[PDB]
DNA sequence: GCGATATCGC
DNA sequence: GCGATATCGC
DNA sequence: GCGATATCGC
DNA sequence: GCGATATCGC
DNA sequence: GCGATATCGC
DNA sequence: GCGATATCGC
DNA sequence: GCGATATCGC
DNA sequence: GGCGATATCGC
DNA sequence: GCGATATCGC
DNA sequence: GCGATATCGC
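Structure (structure tokens):
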């Protein structure tokens, strides 16, 4: 029916959960500097357990669904 | 001293634990045929979570060890 | 898991490679009758020579393992 | 020290108690046929409780003695 | 500068001399489909020698530059 | 039909063409010495192009001959 | 691994 | 043959 | 004991 | 290319 | 395999 | 003394 | 457009 | 993980 | 539990 | 070889 949207990356899923915090600690931070700081906070991250787990799962499904679009659909 | 070796893949990790069952199910199977079977099973596997989790922590560890190597040469 | 699993019998190694034949020959088959069918086919076979030869090779690999386990802790 | 032999079975216990009887009811019996006639009488036997209960204690003692030889190895 | 970058593979060195030709032969083809089509056209080429030669001259020099770097600057 | 033997490597080809010359230069040389001296005349060999070209053709031919064997029985 | 006759060694 | 044996078939 | 092939995965 | 794993050819 | 150098049974 | 096997690093 | 990462063949 | 081409999805 | 063979005791 | 119970894949 509809080419399944690409799944979210690990950094994307993390950034989602941590955007509000980065905006709170940096009042009036513009659009680009959030990504920048998010990037920096990511590169300096110690335990990326949850976010590499999910992004791999989300990919597995996406790959199964991509098959599905070419199978049925 | 030695630069860290590349981290083990989700598949490489699963296979280390599943090698002997493949040998058990196909007596006298050649290494080549064991790999192709290892592949056949990996591609059929619905739940890869365990192996993707271990793979992830493996790449964390690894990238630590890589920083420490660049850092202290 | 440390204790080496018993090797697969000639019947088992055959069954492992007739499961989809039986299933295809018996559409809509209760997951018990498929087992009894294998028994009926295993008995009704004649050239059991392939699967006997293969299950001997299992014992060979298996013997080494048990002996290697019981000795090397 | 020596690991225990497996417990005797209701059948095997009865037989021990009922061997010399079969022998007398069938003088100069060939041990081949004692085994057979033993079977016949065992399958015909409607009250097996003596031997199941004797068998149960036999199991219970063997489980007990199995437990206490994993300790004092 | 620092690290010598890995040399270009034989298919890779040929692709760089056929990319334009493919992009012409299929209007509106994307890198995904290009790379795919590259295969089907390489896994079919006759006198592969020119590209194999260059790849090895490349490999030889890379090896003779990864030695220099891990020795000097 | 016999299986095509695996193709010769660039070193294997050079060494073959160079055993004679090595012998002339180290009279009475033992087989394990020739191995060791073939090892270091190679590493020192700055221009390996000829023997890399030959190893490549051998591979192309061999690859296409495998395509023959494993298709035309 | 036991209870019969079937090998065995002197 | 009589005592120590491999073997027999459940 | 080196330099590959052979088969998967990254 | 690297990894893992065995074997081939010399 | 590559082959110099021993070994071993005729 | 002469064929047939055994060895060793890469 | 930045920007972390993903796609493809090897 | 490394390459050499973009091509995404999230602001 | 259920299908098969494998194993232990006698 | 017989009964019984173990083990293994579904």
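Protein chains in written order, with the entry's author numbering: chain P, 2 to 74; chain D, 2 to 74; chain M, 2 to 74; chain A, 2 to 74; chain J, 2 to 74; chain G, 2 to 74. Idealized CB from N, CA, C, for every residue including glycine.
Flag this pair as touching only if the stretch 2-15 of chain J and the stretch 61-71 of chain J have three or more C-beta atom pairs under 8 Å; answer yes or no.
yes
Against chain D, with Cβ distances strictly below 8 Å, would residue 64/P count as a contact?
For the purposes of this step, residue 64/P is taken as the residue at position 63 of the first chain. Answer no: the Cβ-Cβ gap between residue 64/P and chain D never drops below 8 Å.
Taking Cβ positions only, does residue 25/D come closer than 8 Å to chain M?
To locate residue 25/D, count along the second chain from 1; it is residue 24. It does: the Cβ of residue 25/D has a partner Cβ on chain M nearer than 8 Å.
Determine contact between the stretch 17-24 of chain G and the stretch 43-50 of chain J, defined as no fewer than three beta-carbon pairs at a distance below 8 Å.
no
Quick one: using the 10 Å Cβ neighbour count with 16 as the cut-off for buried, is residue 54/M buried or exposed?
Position 53 of the third chain, counted from the first residue, corresponds to residue 54/M. The residue in question, residue 54/M, is exposed, as its Cβ has fewer than 16 Cβ neighbours within 10 Å.
Restricting to Cα atoms, I'd like to know which of 39/M, 28/M, 29/M is closest to residue 13/M.
Stepping through the third chain from its first residue, residue 13/M is reached at position 12. The residue with the shortest Cα to Cα distance from residue 13/M is 39/M.
Looking at the unbroken alpha helix (DSSP H) that takes in residue 20/D, where does it start and where does it end?
For the purposes of this step, residue 20/D is taken as the residue at position 19 of the second chain. Residues 11-26.
Nearest-angstrom Cβ-Cβ length linking residue 24/P and residue 35/P, presumed shorter than 8 Å
Looking up residue 24/P in the first chain gives position 23. Looking up residue 35/P in the first chain gives position 34. With 8 Å as the limit, residue 24/P and residue 35/P qualify as a contact, their Cβ atoms being about 7 Å apart.
Buried/exposed call for residue 28/D, threshold 16 Cβ in 10 Å:
Here residue 28/D refers to the residue found at position 27 of the second chain. Flag for residue 28/D reads buried.
Anything in the stretch 22-52 of chain J with a Cβ closer than 7 Å to a Cβ of chain G? List those residues in chain order, please.
49, 50
I'd like to know whether the C-beta of residue 58/P is nearer than 8 Å to at least one C-beta of chain D.
For the purposes of this step, residue 58/P is identified with residue 57 of the first chain, where counting begins at 1. Taking Cβ atoms only, chain D reaches closer than 8 Å to residue 58/P, which makes this a yes.
Note down the Cα distance separating residue 60/M from residue 15/M, rounded to an integer number of angstroms.
For the purposes of this step, residue 60/M is taken as the residue at position 59 of the third chain. For the purposes of this step, residue 15/M is taken as the residue at position 14 of the third chain. Whole-angstrom Cα-Cα distance: 16 Å.
Residue 74/A versus residue 62/M: straight-line alpha-carbon distance, rounded
Residue 74/A sits at position 73 when you count from the first residue of the fourth chain. Residue 62/M sits at position 61 when you count from the first residue of the third chain. When rounded, the distance between both Cα atoms is 29 Å.
Would residue 11/P be called buried (16 or more neighbouring beta carbons within 10 Å of its own) or exposed?
Translated into positions along the first chain, residue 11/P becomes position 10. When all chains shown are included, residue 11/P counts as buried.
Given a cut-off of 8 Å, decide if residue 56/M and residue 9/M are closer than it, judged by their beta-carbon atoms.
For the purposes of this step, residue 9/M is taken as the residue at position 8 of the third chain. For the purposes of this step, residue 56/M is taken as the residue at position 55 of the third chain. Contact flag set, yes.
Determine whether the Cβ of residue 61/G lies closer than 8 Å to any Cβ atom of chain J.
Residue mapping note: residue 61/G aligns to position 60 of the sixth chain, counting from 1. Yes, its Cβ sits closer than 8 Å to a Cβ of chain J.
Checking 8 Å against the spacing of the C-beta atoms, do residue 37/P and residue 50/D come in under that value?
For the purposes of this step, residue 37/P is taken as the residue at position 36 of the first chain. For the purposes of this step, residue 50/D is taken as the residue at position 49 of the second chain. Not closer than 8 Å, so no.
Quick one: residues in its chain with C-beta nearer than 8 Å to the C-beta of residue 70/M, no 5 flanking neighbours on either side, listed in chain order?
Residue mapping note: residue 70/M aligns to position 69 of the third chain, counting from 1. Contacts found: 3, 4, 5.
Expressed to the nearest angstrom, what Euclidean distance is found between the alpha-carbon atoms of residue 52/J and residue 52/G?
Taking the first residue of the fifth chain as position 1, residue 52/J is located at position 51. Taking the first residue of the sixth chain as position 1, residue 52/G is located at position 51. Each residue's alpha carbon lies about 15 Å from the other.
Straight-line CA distance for residue 75/M to residue 41/D?
The shown model of chain M, from 2 to 74, leaves out residue 75/M, and the question about it has no answer.
Within 8 Å of any Cβ in chain D, is that where the Cβ of residue 16/M sits?
Taking the first residue of the third chain as 1, we reach residue 16/M at position 15. So, not an interface residue.
What span of residues does the alpha helix (DSSP H) with residue 31/D cover, start to end?
Taking the first residue of the second chain as position 1, residue 31/D is located at position 30. Premise fails: residue 31/D is in no alpha helix (DSSP H) and is neither H nor E.
Distance cut-off 7 Å: residue 37/D Cβ against heavy atoms of the ligand FMN
Questions concerning the ligand FMN fall outside what the structure shown contains, since it holds no ligand whatsoever.
Please list, in chain order, the chain G residues whose beta carbon lies closer than 9 Å to that of residue 13/J.
Start at 1 with the first residue of the fifth chain, and residue 13/J comes out as number 12. None at all; the shortest Cβ gap to chain G is about 15 Å.
Would you say residue 54/G reaches chain J, if we count a Cβ-Cβ gap shorter than 8 Å as a contact?
What you label residue 54/G is simply residue 53 of the sixth chain in a count that begins at 1. Yes, its Cβ sits closer than 8 Å to a Cβ of chain J.
Does DSSP put residue 50/A in a helix, a strand or coil?
In the fourth chain, counting from the first residue as 1, residue 50/A sits at position 49. Correct three-state label for residue 50/A: helix.
Same chain only: Cβ atoms within 8 Å of residue 30/G, ignoring 5 sequence neighbours per side:
What you label residue 30/G is simply residue 29 of the sixth chain in a count that begins at 1. Within the same chain, residue 30/G has close Cβ partners 23, 24, 38.
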